[PDB]
Structures are given as structure tokens and as C-alpha cells.
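Taken together, the values in this text are just the output of simple stated rules run on the coordinates, not laboratory data. Note that we place each Cβ from the backbone using ideal geometry, even for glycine, and neighbour counts take in every protein chain shown.
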Amino acid sequence: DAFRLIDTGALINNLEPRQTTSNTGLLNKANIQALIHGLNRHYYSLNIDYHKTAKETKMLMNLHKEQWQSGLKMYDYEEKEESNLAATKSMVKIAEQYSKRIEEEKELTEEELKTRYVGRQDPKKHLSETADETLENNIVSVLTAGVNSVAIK
Amino acid sequence: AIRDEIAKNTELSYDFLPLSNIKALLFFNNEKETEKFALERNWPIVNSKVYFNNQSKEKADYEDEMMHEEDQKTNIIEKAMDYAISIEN
């Protein structure tokens, strides 16, 4: 945060509005009590913006030589095996919760439905997210193996 | 018409028939006419034995060059590409 003194003289004659003229008025007001008291009775707090050239931006942004090469680098295959097995197993356990849920859960009063049938930590949604993340990955996995084989030989 | 239907069949079964057997299935009345038909059927009969082995293999190799041809043959590469654009549409 950045600050610039105010003169006591300004505050005594109540001439302080001069310093806060023609502005958007966005002031950080985080931190109060003694700190804020001191600030109001001594300095003025105003915004900080960060300006940078696009030359600077690009140098920083650029990463490794091996960055643009990585797609033919591939995971060790013992880990892909492990991952395939973990996902099939996990969904099974949340699927139990989901079957129990739609036994009933067609009455009334929203919040009660969620406590009765464990609609909190909702199983349908948590399952839909895991199922898809794993599905997309497995497309990437195959894609790399086939390409590696064929491109090189 | 009978001779062409039978001719087709006997390839998938076996590779070797004697001269007599070729004549009997296809119902030729002359043994020499048999050997003549074999050339026209693009089969070589050599030393009294058919060698169905040549042309059949040759035809498949020839069929393999044509143009329709990528999606009909089906590439595993293509499967990933088609799957993605479905989703993202």
C-alpha cells in the first residue's frame, strides 16, 4: 500500500477535501482501529496500479526449451495403470450414495430433503465431475502413444 | 452361373484339388475343357493341382489401393479427432 503525508494544518482548518478532489473514489479501507486513526490523522492512502511494457511481459512469460516439446514426452505407464484402476473403483463407492438418494427424495421442503437423503455433498454432481476429468485424460493418453509410435517409426 | 458360384466356394475351403475333382464339382464333361476354364478363371493348374493361392492374395493387395478410402478402412487416429469436435461443438 502507498501513502503520502498529510499536513496537520490541512485537518485543523478542515481543508482536507482539497486533497480528495475529482476522483473515482475507490479507496482501500482495509485495516482500521489505531492504524486507521493514525492514517486519517496523518497520511493519505491511494491505489497502486502496475504498468509494464509488453516486451517485459513476454520475456517473463516465456518458459523452457522442453516446454514446446513435452507432448511426445509421456507418463510412465505404471502410473497410467494405477490411475485407470483408481477411478473405476472410486465411482462405485459414491454410486452407493446416489442409489440410496433416489429411493425417495420426491417429497417437499427443500433443506429437509437434503438432510433426510444426504443431498448435501451431492453424489450426482461429484460423480459427474470425476467421471469426465478421467474421461478427457484417457483420450490424451492414447493420443500420445499412437502418435509417438507412428511419427518416429 | 452354377460354375461361377461353386468356383467361389472352393477357394475358401482348400488350396489343392486334383484335376478330376475340379471337373466333377464344376460339372465339365471334358478334362481338357477343365484346364482351359481354369486359365479363364485366372487359376493356374500345375501337375494336376490347383494353386488358388496366387490370384486371391493378388486381388486383395490390388483392392487395398483405391480412393474412398480413409473412413472406410477406419484409422484409430481419426477416432480421437472425431470424438473431440463433438464435445466442443
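The table that follows gives values for the structure above.
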| item | result |
| --- | --- |
| Evaluation of residue A:63 against (1) under 30 Å from residue A:151 (Cβ atoms); (2) in contact with a helix residue (DSSP H, G or I) (Cβ under 9 Å, 6 or more places away or on another chain) (one fails), failing number | (2) |
| Residues (within 19 Å of residue B:8 (Cβ to Cβ) and part of a helix (DSSP H, G or I)) located in region B:22-34 | B:22, B:23, B:24, B:25, B:26, B:34 |
| So residue A:85, is it closer than 30 Å to residue A:1 by Cβ and away from chain B (no Cβ under 14 Å) | no |
| The lone exception for residue A:73 - which of (1) more than 14 Å from chain B (Cβ to nearest Cβ); (2) in a helix (DSSP H, G or I); (3) under 29 Å from residue B:78 (Cβ atoms); (4) not β-branched (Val, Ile, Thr) it fails | (2) |
| For residue A:114: the one exception among (1) touching a helix residue (DSSP H, G or I) at 6+ places or on another chain (Cβ under 9 Å); (2) without any contact (Cβ under 8 Å) to a residue 24 or more places away in the chain | (1) |
| Some residue of region B:35-58 being assigned to a loop (DSSP other than H, G, I, E, B), over 30 Å from residue A:139 (Cβ atoms), among the aliphatic types (A, V, I, L, M) and away from chain A (no Cβ under 14 Å) | no |
| Unique match (being more than 14 Å from every other protein chain (Cβ to nearest Cβ), within 27 Å of residue B:75 (Cβ to Cβ) and in contact (Cβ under 8 Å) with a residue 24 or more places away in the chain) among A:144, A:134 | A:134 |
